[PDB]
Amino acid sequence: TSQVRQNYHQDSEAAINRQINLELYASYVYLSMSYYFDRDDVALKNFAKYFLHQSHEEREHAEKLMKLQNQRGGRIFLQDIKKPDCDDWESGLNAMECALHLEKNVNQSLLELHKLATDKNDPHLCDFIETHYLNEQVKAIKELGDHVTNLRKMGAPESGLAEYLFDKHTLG
Amino acid sequence: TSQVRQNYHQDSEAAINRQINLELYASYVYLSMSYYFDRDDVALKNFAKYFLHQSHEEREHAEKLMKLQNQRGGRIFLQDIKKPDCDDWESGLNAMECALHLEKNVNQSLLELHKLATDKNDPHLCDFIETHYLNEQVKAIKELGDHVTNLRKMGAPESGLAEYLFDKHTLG
Amino acid sequence: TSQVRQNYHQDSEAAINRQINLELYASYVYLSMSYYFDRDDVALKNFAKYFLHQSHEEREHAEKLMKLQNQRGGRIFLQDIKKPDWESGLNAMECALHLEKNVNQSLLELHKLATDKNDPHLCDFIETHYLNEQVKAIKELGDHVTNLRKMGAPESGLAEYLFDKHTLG
Amino acid sequence: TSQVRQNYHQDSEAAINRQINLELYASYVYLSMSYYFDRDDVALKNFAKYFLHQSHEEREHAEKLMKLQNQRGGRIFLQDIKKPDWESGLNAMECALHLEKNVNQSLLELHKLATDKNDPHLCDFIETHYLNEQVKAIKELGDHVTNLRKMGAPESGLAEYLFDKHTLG
Amino acid sequence: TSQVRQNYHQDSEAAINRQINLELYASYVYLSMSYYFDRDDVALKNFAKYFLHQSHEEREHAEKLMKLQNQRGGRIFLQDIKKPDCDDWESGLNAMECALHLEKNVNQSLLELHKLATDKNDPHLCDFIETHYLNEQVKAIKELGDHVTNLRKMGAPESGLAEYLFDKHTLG
Amino acid sequence: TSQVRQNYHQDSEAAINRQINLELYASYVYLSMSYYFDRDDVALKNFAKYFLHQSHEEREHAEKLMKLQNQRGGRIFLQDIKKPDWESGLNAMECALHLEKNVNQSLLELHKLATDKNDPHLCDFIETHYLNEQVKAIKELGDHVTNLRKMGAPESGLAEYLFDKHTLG
Ligand SMILES: [Fe+3]
Ligand SMILES: [Fe+3]
Ligand SMILES: [Fe+3]
Ligand SMILES: [Fe+3]
Ligand SMILES: [Fe+3]
Ligand SMILES: [Fe+3]
Ligand SMILES: [Fe+3]
Numbered sequence: 005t006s007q008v009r010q011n012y013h014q015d016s017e018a019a020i021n022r023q024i025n026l027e028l029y030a031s032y033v034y035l036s037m038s039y040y041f042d043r044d045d046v047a048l049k050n051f052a053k054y055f056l057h058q059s060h061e062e063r064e065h066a067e068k069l070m071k072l073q074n075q076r077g078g079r080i081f082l083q084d085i086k087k088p089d090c091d092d093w094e095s096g097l098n099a100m101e102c103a104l105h106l107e108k109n110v111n112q113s114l115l116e117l118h119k120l121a122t123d124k125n126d127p128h129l130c131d132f133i134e135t136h137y138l139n140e141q142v143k144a145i146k147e148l149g150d151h152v153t154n155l156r157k158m159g160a161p162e163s164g165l166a167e168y169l170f171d172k173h174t175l176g
Numbered sequence: 005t006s007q008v009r010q011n012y013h014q015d016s017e018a019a020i021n022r023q024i025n026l027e028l029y030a031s032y033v034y035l036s037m038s039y040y041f042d043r044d045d046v047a048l049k050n051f052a053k054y055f056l057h058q059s060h061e062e063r064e065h066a067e068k069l070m071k072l073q074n075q076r077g078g079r080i081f082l083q084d085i086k087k088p089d090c091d092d093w094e095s096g097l098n099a100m101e102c103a104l105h106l107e108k109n110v111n112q113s114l115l116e117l118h119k120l121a122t123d124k125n126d127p128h129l130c131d132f133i134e135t136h137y138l139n140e141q142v143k144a145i146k147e148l149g150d151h152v153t154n155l156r157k158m159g160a161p162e163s164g165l166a167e168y169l170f171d172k173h174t175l176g
Numbered sequence: 005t006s007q008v009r010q011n012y013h014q015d016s017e018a019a020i021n022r023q024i025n026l027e028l029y030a031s032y033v034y035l036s037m038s039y040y041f042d043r044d045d046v047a048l049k050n051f052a053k054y055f056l057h058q059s060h061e062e063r064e065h066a067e068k069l070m071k072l073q074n075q076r077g078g079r080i081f082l083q084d085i086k087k088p089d093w094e095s096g097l098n099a100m101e102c103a104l105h106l107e108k109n110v111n112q113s114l115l116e117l118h119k120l121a122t123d124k125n126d127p128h129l130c131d132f133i134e135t136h137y138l139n140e141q142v143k144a145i146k147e148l149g150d151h152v153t154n155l156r157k158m159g160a161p162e163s164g165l166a167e168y169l170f171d172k173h174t175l176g
Numbered sequence: 005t006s007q008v009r010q011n012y013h014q015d016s017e018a019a020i021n022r023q024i025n026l027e028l029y030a031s032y033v034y035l036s037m038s039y040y041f042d043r044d045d046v047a048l049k050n051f052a053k054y055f056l057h058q059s060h061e062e063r064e065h066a067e068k069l070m071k072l073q074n075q076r077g078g079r080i081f082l083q084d085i086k087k088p089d093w094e095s096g097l098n099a100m101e102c103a104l105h106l107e108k109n110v111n112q113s114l115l116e117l118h119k120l121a122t123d124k125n126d127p128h129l130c131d132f133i134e135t136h137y138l139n140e141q142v143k144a145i146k147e148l149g150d151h152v153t154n155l156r157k158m159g160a161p162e163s164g165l166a167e168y169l170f171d172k173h174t175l176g
Numbered sequence: 005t006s007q008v009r010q011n012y013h014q015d016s017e018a019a020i021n022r023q024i025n026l027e028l029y030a031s032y033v034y035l036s037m038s039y040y041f042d043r044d045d046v047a048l049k050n051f052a053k054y055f056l057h058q059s060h061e062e063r064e065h066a067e068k069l070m071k072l073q074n075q076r077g078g079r080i081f082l083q084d085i086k087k088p089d090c091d092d093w094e095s096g097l098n099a100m101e102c103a104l105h106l107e108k109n110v111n112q113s114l115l116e117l118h119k120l121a122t123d124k125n126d127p128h129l130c131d132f133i134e135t136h137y138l139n140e141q142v143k144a145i146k147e148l149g150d151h152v153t154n155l156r157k158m159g160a161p162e163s164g165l166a167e168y169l170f171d172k173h174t175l176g
Numbered sequence: 005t006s007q008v009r010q011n012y013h014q015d016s017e018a019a020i021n022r023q024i025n026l027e028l029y030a031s032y033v034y035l036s037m038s039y040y041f042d043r044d045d046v047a048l049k050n051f052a053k054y055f056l057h058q059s060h061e062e063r064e065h066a067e068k069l070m071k072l073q074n075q076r077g078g079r080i081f082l083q084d085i086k087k088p089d093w094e095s096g097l098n099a100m101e102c103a104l105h106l107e108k109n110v111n112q113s114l115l116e117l118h119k120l121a122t123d124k125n126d127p128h129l130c131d132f133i134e135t136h137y138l139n140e141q142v143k144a145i146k147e148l149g150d151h152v153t154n155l156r157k158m159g160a161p162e163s164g165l166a167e168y169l170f171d172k173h174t175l176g
């Protein structure tokens with residue numbers, strides 16, 4: 005047992021490790037989306053810039069959890085990072101919806117982790133999640149929701165002019 | 005025979021000379037396209053800048069090949085620069101498609117030139133093509149693919165508003 | 005078929021996609037090593053810095069291949085990123104040396120392939136952006152392994168401490 | 005017919021199109037001369053700079069005419085750019104003098120035309136941007152030809168070397 | 005056997021070592037030429053700087069190959085550096101002519117090294133030579149030819165005024 | 005016979021020429037030592053930088069001797085540069104100490120010659136530019152040799168690691 009472990013439940017340790025896989029998985033999904041819009045038959049350079057930035061942020065969510073695992077005296081166990089659920093993403097509106105679905109699933113997992121940490125009376129772990137994860141997710145979901153709303157009002161996906169302008173005037 | 009010639013086959017010398025004519029030809033074509041959009045009844049000022057920039061680049065592609073010819077001890081032979089295959093280019097999408105066909109023809113001639121240079125064991129000429137031409141054509145061709153793809157999704161060529169906005173927000 | 009594809013074989017495409025997976029696997033392997041050295045019972049902070057930097061660089065190798073796939077008109081296909089396969096720093100440097108040689112052999116098979124299909128663009132891309140990077144990387148890891156062994160690693164904990172302060176610092 | 009065309013005769017349009025071709029032809033001639041002096045068996049680098057500079061300038065004369073064609077509502081029609089028709096530096100400077108006088112004679116034919124068609128804008132365009140350029144250009148080439156003759160060109164290779172160093176540098 | 009060696013043929017290693025000797029020999033030749041023109045009865049200071057600059061450039065060619073040898077896991081094996089083939093070099097034109105012949109022999113050795121590297125499927129060694137050696141030799145041969153051509157046009161070597169002015173106005 | 009020669013004995017001229025070869029030989033030795041320490045199974049980067057510096061410094065000694073030869077009116081005659089005659096860092100420093108002592112012994116024989124032939128200028132050249140450089144060179148190498156032995160070289164690889172970082176860095 006670690007010389008620094010104190011008030012760190014085994015269940016919290018296992019859940020952090022599963023959350024690390026989830027954050028890495030989300031990074032893969034966003035990385036997949038990005039280069040889909042980098043394709044010459046999609047060619048929305050700013051969508052690809054948007055999803056690539058999100059891919060790097062999820063990777064940082066993961067590295068910071070690995071850092072916490074060590075801080076509390078637990079032990080990282082890594083798993084496979086499953087491939088994303090689409091190779092082809094149809095459109096910019098459709099992609100924004102999948103990102104909203106994914107970011108909501110990450111939030112649901114972070115809220116289960118906080119419920120667990122409260123169950124185990126782990127205030128440091130509770131406030132770690134509240135500080136670094138919970139509100140970041142609240143803004144990502146509100147942000148992704150604004151975009152879906154606008155892309156729909158403009159005539160996406162049937163109007164290719166709509167996604168061009170959105171990609172210029174919102175994602176630029 | 006030149007005091008500097010070494011490992012430079014006749015066939016490579018002849019091919020460089022044909023490649024010089026092609027590069028000047030592409031310069032003439034983009035120059036033709038450019039001022040077509042400069043006309044008051046077409047009047048897309050940024051399409052004309054995009055193509056004028058490309059016309060100046062092909063002139064640099066040719067002059068650089070003329071420079072290599074002298075470096076390797078061969079002798080420049082100049083031919084007529086044939087007039088472009090269209091005087092009226094229809095629209096912006098159509099110009100972009102002819103630009104893509106032309107850059108692909110230039111690329112195929114360079115690939116034959118590198119196949120030639122490999123078969124004649126001219127490693128210096130091979131690296132010349134790789135450094136100064138092959139990756140430039142890959143980017144010109146992917147770039148033109150992006151523009152064609154977007155112009156079609158925006159509703160070109162039947163929608164003149166599309167080419168107006170594309171000229172403002174992409175070629176600006 | 006893609007409007008930009010020209011002189012890009014289907015085998016070259018399939019290999020680029022396979023190489024993308026390997027580069028991402030290499031990033032995962034180094035990331036695993038890094039935070040191993042961040043553990044309080046290892047506590048070699050510069051070892052952890054070194055491996056984390058190499059992890060991010062493999063992510064740069066992978067994204068650049070995804071960029072090339074689109075440039076040539078091919079289509080990205082992603083697979084699972086398999087989890088890595093660490094005792095001490097000398098032992099980690101040795102697995103990294105084994106890993107960069109494996110990534111290197113995969114790149115040489117891809118360049119032999121691109122040479123066979125007469126793809127001079129893909130040949131130069133591999134030569135330019137990947138091949139000399141692996142030669143530097145492997146020579147560097149070889150230096151570290153060599154030095155760590157002469158100082159008395161892994162049996163000497165003073166050795167890996169000092170190597171972490173004066174070489175990786 | 006163009007919504008901007010006003011007092012621009014069809015003969016003036018046809019002639020501007022011919023003058024465009026000649027300007028591009030002159031650029032080709034100078035481009036040919038330039039890289040001739042870049043050859044290792046000629047090796048007069050400032051002669052080669054000089055002619056390349058003139059090649060880019062004739063290209064600037066041509067593109068300005070393509071601009072005027074559109075300003076008046078006319079329509080550009082392009083033809084082939086004929087290949088140029093060099094022994095030494097004095098010989099090249101003399102062929103350049105013959106060429107600039109032919110471009111000049113063509114421009115004066117264009118101004119007589121514009122005068123006959125009562126096109127004062129086209130007249131001042133030629134007076135402003137081309138006529139004094141040709142007079143300058145021809146006086147310059149004459150100065151060089153005169154000097155290279157007095158120094159002993161072309162049989163004296165010391166002459167063309169020094170001229171390349173001290174006048175064209 | 006080296007822990008870093010991978011796809012490096014014993015023949016390529018042996019060829020690098022011989023090329024190391026040739027680059028040091030070329031360095032010796034230029035150094036000999038340089039101080040020949042420093043002599044009080046020749047007294048062309050800029051010819052002597054020019055060859056001295058070339059002597060140092062060849063040493064850099066040697067040290068960089070000594071670096072590659074170690075990078076690929078081979079073993080440097082040094083030989084005698086044989087003295088240059090002339091003590092007196094007659095004039096500046098004759099020295100430039102021996103420099104031209106010397107760079108052509110160094111180039112021919114490099115083309116044989118690349119042919120070797122091609123036939124043993126060492127693309128890294130193939131590109132090293134292309135990047136750092138092949139075009140440097142072409143420019144070096146093109147430069148030496150220009151100087152040779154110009155010196156002969158001025159009346160060298162029988163005209164001492166010719167080599168004086170060349171030393172002032174070209175090599176100054 | 006040269007128009008500048010005055011009080012320069014043939015033996016001194018011949019002795020300068022032999023000293024030129026010895027300096028180039030010392031340069032070959034240090035360059036050989038340097039890249040030995042660049043090897044991945046030796047991997048002491050600062051030893052390799054130290055010897056590379058000395059290799060370049062010996063080349064400066066030779067060229068200055070080539071400069072004096074022309075200044076006094078003698079004639080440079082070059083010979084083959086014989087290949088160098093390395094185990095560890097201590098052993099390399101010991102051959103370097105041995106080498107500088109032979110270059111020094113040759114310089115003191117050159118100064119004895121110059122004194123016997125009444126060449127005060129050549130006497131000053133050796134005094135100013137060479138003799139004290141060698142004393143500093145030999146005193147330094149002895150210091151390094153002394154320290155390596157105290158730290159446990161060559162049987163202690165940790166000793167040469169630390170010496171390379173803390174003295175030669
Ligand atoms: Fe996240
Ligand atoms: Fe081109
Ligand atoms: Fe990699
Ligand atoms: Fe290459
Ligand atoms: Fe003109
Ligand atoms: Fe060289
Ligand atoms: Fe010395």
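Chains L, G, K, H, D and C are the protein sequences, given in the same order. In case it helps, PDB author numbering puts the first sequence at residues 5 to 176. In case it helps, PDB author numbering puts the second sequence at residues 5 to 176. In case it helps, PDB author numbering puts the third sequence at residues 5 to 89, 93 to 176. In case it helps, PDB author numbering puts the fourth sequence at residues 5 to 89, 93 to 176. In case it helps, PDB author numbering puts the fifth sequence at residues 5 to 176. In case it helps, PDB author numbering puts the sixth sequence at residues 5 to 89, 93 to 176. All C-beta atoms in this analysis are idealised placements derived from N, C-alpha and C, irrespective of residue type, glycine included.
query, result
"Check the DSSP bridge columns for residue 85 of chain L and list the partner residues they point to.", "K:85"
"Which residues in chain K sit within 7 Å of residue 125 of chain G, going by Cβ to Cβ distance?", "Chain K residues near residue 125 of chain G: none, gap ~14 Å exceeds 7 Å."
"In chain order, what are the residues with a CB under 6 Å from some non-hydrogen atom of ligand 4?", "G:131, G:134, K:131, K:134, D:131, D:134"
"Taking a cut of 9 Å between CB atoms, which residues from the segment 157-170 of chain H lie near chain D?", "163, 164, 165, 167, 168, 169"
"List, in chain order, every chain G residue whose beta-carbon is nearer than 8 Å to that of residue 45 of chain L.", "149, 153"
"What is the DSSP secondary structure of residue 133 of chain H, counted as helix, strand or coil?", "helix"
"Comparing alpha-carbon positions, which option in C:68, C:31, C:145, C:82 lies nearest residue 57 of chain C?", "C:31"
"Is there a Cβ of chain C sitting closer than 7 Å to that of residue 146 of chain K, yes or no?", "yes"
"Under the criterion of a Cβ to heavy atom distance below 6 Å, does residue 167 of chain D qualify as lining ligand 6?", "no"
"Which ranges would you report for the alpha helix (DSSP H) in the segment 7-61 of chain K if only whole runs of at least 4 residues count?", "14-41"
"Would the beta-carbon of residue 50 of chain D fall within 7 Å of that of residue 149 of chain D?", "no"
"Relative to the alpha-carbon of residue 95 of chain G, which residue among G:17, G:170, G:5, G:8 has its alpha-carbon at the smallest distance?", "G:170"
"Can you tell me whether DSSP reads residue 79 of chain L as helix, strand or coil?", "coil"
"At a Cβ threshold of 7 Å, is residue 105 of chain K touching chain C?", "no"
"Is any heavy atom of ligand 1 found at a distance shorter than 6 Å from the C-beta of residue 118 of chain L?", "no"
"With C-beta atoms as the reference, is residue 13 of chain C less than 7 Å away from residue 119 of chain C?", "no"
"For residue 113 of chain L, report the span of its alpha helix (DSSP H) as first-last.", "96-123"
"Can you tell me where the alpha helix (DSSP H) holding residue 153 of chain K begins and where it ends?", "139-157"
"Can you tell me which of the three DSSP states residue 90 of chain C falls into?", "No atoms of residue 90 of chain C appear, because in chain C residue 89 is followed directly by 93."
"Please determine if the segment 75-82 of chain K and the segment 18-25 of chain K are in contact, where contact requires at least 3 C-beta pairs separated by less than 8 Å.", "yes"
"Can you find a C-beta in chain G that's less than 7 Å from the C-beta of residue 129 of chain H?", "no"
"By the criterion of Cβ-Cβ separation under 7 Å, what are the contact partners of residue 39 of chain G in chain H?", "70, 74, 80"
"Check the C-beta distance from residue 85 of chain K over to residue 35 of chain K and give it rounded, since I have them as a contact under 8 Å.", "Not confirmed; about 11 Å, so no contact."
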